[PDB]
Amino acid sequence: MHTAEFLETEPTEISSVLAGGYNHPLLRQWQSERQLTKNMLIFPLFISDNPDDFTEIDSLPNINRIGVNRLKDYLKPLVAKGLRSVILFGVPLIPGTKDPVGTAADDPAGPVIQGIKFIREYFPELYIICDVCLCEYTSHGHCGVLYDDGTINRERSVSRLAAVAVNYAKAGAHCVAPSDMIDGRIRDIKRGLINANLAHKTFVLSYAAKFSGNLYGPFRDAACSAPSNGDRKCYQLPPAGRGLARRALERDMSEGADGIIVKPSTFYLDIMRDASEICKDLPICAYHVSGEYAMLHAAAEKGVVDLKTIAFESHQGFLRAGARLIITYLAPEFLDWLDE
Amino acid sequence: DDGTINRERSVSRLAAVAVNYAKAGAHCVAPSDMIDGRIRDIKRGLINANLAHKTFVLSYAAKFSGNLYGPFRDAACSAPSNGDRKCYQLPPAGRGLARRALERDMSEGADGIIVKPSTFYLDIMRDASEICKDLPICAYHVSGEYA
Amino acid sequence: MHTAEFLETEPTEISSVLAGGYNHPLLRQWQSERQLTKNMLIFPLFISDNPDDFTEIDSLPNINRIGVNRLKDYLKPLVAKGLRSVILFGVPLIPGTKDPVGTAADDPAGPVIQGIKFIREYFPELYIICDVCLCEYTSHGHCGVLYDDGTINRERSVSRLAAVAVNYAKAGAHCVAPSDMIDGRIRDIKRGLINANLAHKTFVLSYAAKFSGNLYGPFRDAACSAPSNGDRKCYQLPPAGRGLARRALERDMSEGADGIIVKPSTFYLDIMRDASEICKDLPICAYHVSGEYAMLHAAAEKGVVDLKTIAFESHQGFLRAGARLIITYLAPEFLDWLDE
Amino acid sequence: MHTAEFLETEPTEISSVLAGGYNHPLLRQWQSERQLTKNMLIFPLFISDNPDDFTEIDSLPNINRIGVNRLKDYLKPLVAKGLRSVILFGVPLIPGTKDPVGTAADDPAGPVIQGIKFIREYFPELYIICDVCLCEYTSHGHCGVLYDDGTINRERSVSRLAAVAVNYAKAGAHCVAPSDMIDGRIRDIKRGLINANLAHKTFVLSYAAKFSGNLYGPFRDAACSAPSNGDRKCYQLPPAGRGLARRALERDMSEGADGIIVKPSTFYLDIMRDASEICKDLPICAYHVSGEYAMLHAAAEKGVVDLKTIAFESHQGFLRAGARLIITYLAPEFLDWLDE
Ligand SMILES: *[C@@](O)(CCC(=O)O)[C@@H](C)N
Ligand SMILES: *[C@@](O)(CCC(=O)O)[C@@H](C)N
Ligand SMILES: *[C@@](O)(CCC(=O)O)[C@@H](C)N
Ligand SMILES: *[C@@](O)(CCC(=O)O)[C@@H](C)N
Ligand SMILES: [Zn+2]
Ligand SMILES: [Zn+2]
Ligand SMILES: [Zn+2]
């Protein structure tokens, strides 16, 4: 007969015994270095220039493009359940709005500044963040102003972006979040705010480590921000580029960033850990991007995972890796779940 | 009897299984049990069997409990029973426990380490790259991640 | 009888046992922190101003000086086997070309810019690096512009070098690699590229740690770059000068270097290890120099070592010490060997 | 006309200027963190069991196999010129001496103990180091005692090696240098010396980082130590194995090593730099091995380098990388050169 063999063993070494720390549900909470709370949540809003818009974005489940006259009814139950912050994206659909220099980016009649004004009046306690970039406003769809050869013009781009950021601040945004990745734009935006007497009021939340890759699919359908001729791989960081990311984090801190965003999130958790050392004195924010979010939904609907469960797992993952803030399309679900 | 794991009897049984696989010809043994101190016992086992100089010990040092093992439970028909794996698999928030587990398994004889799952635990790979800088680090792209 | 004595021993300590990690051929691969691949290879080309040149360089085995009308037939099998990058050196032999300010360094009719133009057209996927210096173009053979007392004039040298580098970039080089070692030249080259709207397109690969010594013998016969009155020991680093090397690495990083070269290679592996910490976020490149290469051939032909074997040993040595790139005269051999 | 272009430059930054530190011959000495002196030199001796031997070793230039009755005349001019230390290797050529357990390794009639006795009497101020291994004494040529399957038996090997080391110490060696690389042998040798009341008198100089590779060619002809069936790659470290080397250094320190050797030397300078941190409180020794030495001679005779020059360059390289001791076949040349 084959029988169960047991080797002769030595007495347990105290150094081997970890189990005393996680044998009860409360202990698995004690073991967290940071717990998820409501105020860590930042919810994106896609504001249409059709004020009566409330259009579902196919590829981004449960998320709509919304006009200003639909915003009160949408935000009311969210703020009531504890929402503290939103990040605005403009989606102007009126024709002849987009041009090579992203003129409409800071149009006082455009959806972002209209959205700032509405929110400041109707939800005066909500903290408003605005994405700062030109890609939703350029005819070529790229994030900066281009030379003739289709490459980005750094100087003209950062000049245009500094203006957009300051103008959002002038209109009432509390926070500007430059997502363009163009070399040195944080310096120029910070100087811009200083010259406008707004730097002591305006948090600069840099997307310091934003990577190029396959996880932005459905975003390109909600904000109608698709490039044109070439790719984003010359300013967005290459996925293998840890050294570039570490240098970008150091740079943006140096140039005035009050906080930093790592994007995407789950697939870049090691870069959050890198940022937690490089940017240890600053808030670090995870951006759970469109492709990551849609991936979770796809897997959940296929029976691979449980949506709430894997929501909690991934979002606790951000906190473990060093983030203390989360931009996420699941904020409405969490405002309910964190009650329970 | 109370359905909790018996450490001493478990590591004794696991050391035997590992040595017997090595005896049969495996080049490498990869203990996935997460039970406290099993690497020490497996390494001593191999030493006593004159196989430690031939057998790579690839510890699953940082293996987390969670929602990503669904389809594995259908390919290897390895489903628990009464209770969960959360008392030996690490809690997903447990970075401190993971760092201590990495240090422990290195100390106890691991030639290499596995972090599992992978994508959702990339920060723990980065932690391991410092703690276990002189050892090979292995990522396990698990069933739920793949699916 | 003298008999074999065996001392009484204690049971094996687990801490003593390393052998489980390297007892199989695959494990000796697992133990490498970086494996050699084709794309890490950079092959030097010595371009003649006689367009029909294909002259073997005596002291540098299997390496020729080549004119442009011979380049297609030479590069074709190499690119076909996976060559990704070349580094160009100009060897103008027409008389009355060399002068005290290295005027011909950026002659649009000279071999480097002619070689850039040819390569950009015939091998549009090849990544082109150009050595930047004046020594192959000066009548005195030194790397910079000189004062009357034969010492290098820093200001005039860096001004001239910045121009040469920008002009190579203007002509099409993807990468400029300043090999002059003159204090502060990286700053001036980077500013030059910025002013020319080329810094976002041009990798700056500094020879940051280039040492004076006995290993450049045969180079002086392939590029006809011999000094004159004095030696290179006042700008090339002294071989014992670790402190100077560490400061040079930090300096060039600060001044804009995208990557760094350590030269020579094998005899300076400790400096690669130093650079891997100081320049941890940048690519580090090893230059397997003429004397090192010829030394390997000499020893192999004498039966001391096996050429392929010691090729692999030395080049894996670079990777172990922290390099991720290699400039080597054995690139053609490796493009075959890495297949096997 | 193509004219020499000079870009507009900014005033020199003080941070760019390194040149003030190395513009004079004395400064290039000031820049060394460690200068080469005579007492750092350790010269290998290959002692024959034919007492009248003085046989040149073909592949190892200017080096002989020597019997005891030839040692006085050979060592006299060397000690007179400042030689402080030797490392002994036994080459027994009498038939029927080698056996599977290396019985003759510590034969009181064998060349090592005869050489210790002679040196202790005729050169009482010379510091004597003995290589400790079994490979020059085993019939299979491997460094330890083997299982039947030709693999090394750790326990029996370390037991045999501890005995050999203690017996050399008993005979008069000041220092034992275990070159076997078998897991845990330093612990056993140290315990051996402790039990023999010799640990307070006996320096343990571990070959802690000894790599497998192509640089031991001519050694295999001077000490007639060739393996048999299989290779040394299961105990000697793989050339890519930095992690294993770092762990071996830490291990041997822990187990009692008073000093450590890195071998080979030039091709492993990065590992010397690693050892200088891990083993910062211990003497580090470079072993300029047979293949490295013969490589220098081959290149020098081919005109690639100058022998004295490249001797100084490579040996200063060891000191730069952190060694303070050198085992070298060029010790006789240096005892003359360091005068000049
Ligand atoms: C980002 O790439 C979009 C986020 C997403 O895809 O969900 C920039 C445009 N903020
Ligand atoms: C692991 O949890 C299974 C891997 C997978 O789910 O793919 C252990 C059982 N090796
Ligand atoms: C270098 O010193 C030459 C390389 C070699 O000798 O092979 C400079 C001139 N790039
Ligand atoms: C070493 O490998 C030999 C040195 C040399 O080859 O010169 C051991 C046997 N000490
Ligand atoms: Zn954009
Ligand atoms: Zn030069
Ligand atoms: Zn040996």
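Order of the sequence lines fixes the chain letters, A, B, ..., with proteins taken first and strands second; residue numbering starts at 1 for each chain.
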Can you tell me how far CZ of B/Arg104 sits from CD1 of B/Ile39, rounded to the nearest 0.5 angstrom?
-> 8.0 Å
In terms of heavy-atom contacts, does CG of D/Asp149 have more than 12 from other residues, nucleotides or ligands at under 6.0 Å?
-> yes
In terms of heavy-atom contacts, D/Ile189 and D/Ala165 come closest through CG2-CB, 3.9 Å
Is the number of heavy atoms from other residues, nucleotides or ligands within 6.0 Å of CD1 (A/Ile14) greater than 12?
-> no
N/O donor-acceptor pair under 3.5 Å between D/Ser228 side chain and D/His140 backbone = yes
First locate atom CG of D/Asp131, then atom CD1 of D/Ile87, and finally report the distance between them rounded to the nearest 0.5 Å.
-> 5.5 Å
Using only heavy-atom distances, determine whether the side chains of B/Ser12 and B/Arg9 contain a donor-acceptor pair under 3.5 Å.
-> no
Exam field: side chain B/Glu145 to backbone B/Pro117, donor-acceptor pair closer than 3.5 Å = no
Step-by-step salt bridge (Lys or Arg N to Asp or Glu O under 4.0 Å) determination, B/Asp123 to B/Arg95 | CA-CA 9 Å; B/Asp123 54 306; B/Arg95 175 183 191 219; 5.8 Å; no
Under the side chain to side chain donor-acceptor pair (under 3.5 Å) rule, what pairs show up with a residue in residues 2-22 of chain A, not counting sequence neighbours?
-> A/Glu5-B/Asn20, A/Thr9-B/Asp41, A/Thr12-B/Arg7, A/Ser16-B/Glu108
Below 4.0 angstrom, N of the basic side chain to O of the carboxylate: do B/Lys43 and B/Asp105 qualify?
-> no
Side-chain donor-acceptor pair present, D/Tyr137, D/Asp107, cut-off under 3.5 Å = no
Evaluate the side-chain proximity of D/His142 to D/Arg232: yes if any heavy-atom separation is below 4.5 Å, no if none is.
-> yes
Is the number of heavy atoms from other residues, nucleotides or ligands under 6.0 Å of B/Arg73 CZ greater than 12?
-> no
Closest non-hydrogen atom pair between B/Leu58 and B/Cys28, with its separation | CB-SG, 3.7 Å
Does NZ or CZ of B/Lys116 come closer than 6.0 Å to the centre of the six-membered ring of B/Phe72, within 45° of the ring's axis?
-> yes
Exercise: identify the closest heavy-atom pair between D/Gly184 and D/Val158 | C-CG1, 4.4 Å
Could you check A/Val305 against B/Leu68 for side-chain contact (heavy atoms from CB on, under 4.5 Å), going step by step and ending with a plain yes or no?
-> CA-CA 7 Å; A/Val305 303; B/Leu68 289 162; 4.3 Å; yes
Within a reach of under 6.0 Å around CD of D/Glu155, are more than 12 heavy atoms found that belong to other residues, nucleotides or ligands?
-> no
Distance (rounded to the nearest 0.5 Å) between B/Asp36 CG and B/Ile5 CD1 | 9.5 Å
Would you say B/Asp33's side chain and B/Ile35's backbone share a donor-acceptor pair under 3.5 angstrom?
-> yes
Between C/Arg273 (side chain) and C/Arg320 (backbone), is there a donor-acceptor pair under 3.5 Å?
-> yes
Hey, what do you get for CD (C/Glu33) to OG (B/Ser129), rounding to the nearest 0.5 Å?
-> 10.0 Å
Indicate yes or no: at least one non-hydrogen side-chain atom of C/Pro25 is less than 4.5 angstrom from one of D/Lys233.
-> no
Does any N or O in the side chain of D/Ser157 come within less than 3.5 Å of the main-chain N or O of D/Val145, such that one atom is a donor and the other an acceptor?
-> yes
Could you check B/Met106 against B/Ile113 for side-chain contact (heavy atoms from CB on, under 4.5 Å), going step by step and ending with a plain yes or no?
-> CA-CA 8 Å; B/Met106 180 163 53; B/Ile113 69 98; 5.9 Å; no
Start with the C-alpha distance between A/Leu319 and A/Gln35, add both sets of side-chain angles, then the distance that settles side-chain contact (heavy atoms from CB on, under 4.5 Å), and finish with yes or no.
-> CA-CA 7 Å; A/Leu319 306 186; A/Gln35 308 192 38; over 6 Å; no
Evaluate whether atom OH of B/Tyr146 has more than 12 neighbouring non-hydrogen atoms of other residues, nucleotides or ligands under 6.0 angstrom away.
-> no
Answer yes or no: are there more than 12 heavy-atom neighbours, outside D/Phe203 itself, under 6.0 Å from its atom CZ?
-> yes
Taking atom types as modelled, find out whether A/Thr309 and B/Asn67 have a side-chain donor-acceptor pair closer than 3.5 angstrom.
-> no
Hey, is the main chain of B/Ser32 close enough, under 3.5 Å, to the side chain of B/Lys63 for a donor-acceptor pair?
-> yes
Which of parallel (below 30°), tilted (30 to 60°) and perpendicular (above 60°) describes B/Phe64 and B/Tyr121?
-> parallel
Distance col, row D/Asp106:CG vs D/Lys170:NZ, nearest 0.5 angstrom, shows 10.0 Å
Taken to the nearest 0.5 Å, the spacing of B/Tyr69 OH from B/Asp74 CG works out to 15.5 Å
Minimum side-chain heavy-atom gap B/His53-C/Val17 below 4.5 Å = no
Are the side chain of B/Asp111 and the backbone of B/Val57 linked by a donor-acceptor contact shorter than 3.5 Å?
-> yes
Identify, with sequence neighbours excluded, every residue that meets salt bridge (charged side-chain N to carboxylate O under 4.0 Å, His left out) alongside D/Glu250.
-> none
From CA spacing to verdict: side-chain contact (heavy atoms from CB on, under 4.5 Å), B/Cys87, A/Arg28 | CA-CA 9 Å; B/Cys87 274; A/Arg28 295 191 281 272; 4.0 Å; yes
So, A/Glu313 side chain and B/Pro92 main chain: donor-acceptor pair closer than 3.5 Å or not?
-> no
Is a side-chain donor or acceptor of D/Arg185 paired with a backbone partner of D/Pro178 at a separation under 3.5 angstrom?
-> yes
Do you know the tightest heavy-atom contact between D/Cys279 and D/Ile284?
-> O-CD1, 4.3 Å
Any B/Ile124 side-chain heavy atom under 4.5 Å of A/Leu269 side chain = no
Got a salt bridge between D/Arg247 and B/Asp134, using NZ or NE/NH1/NH2 to carboxylate O under 4.0 Å?
-> no
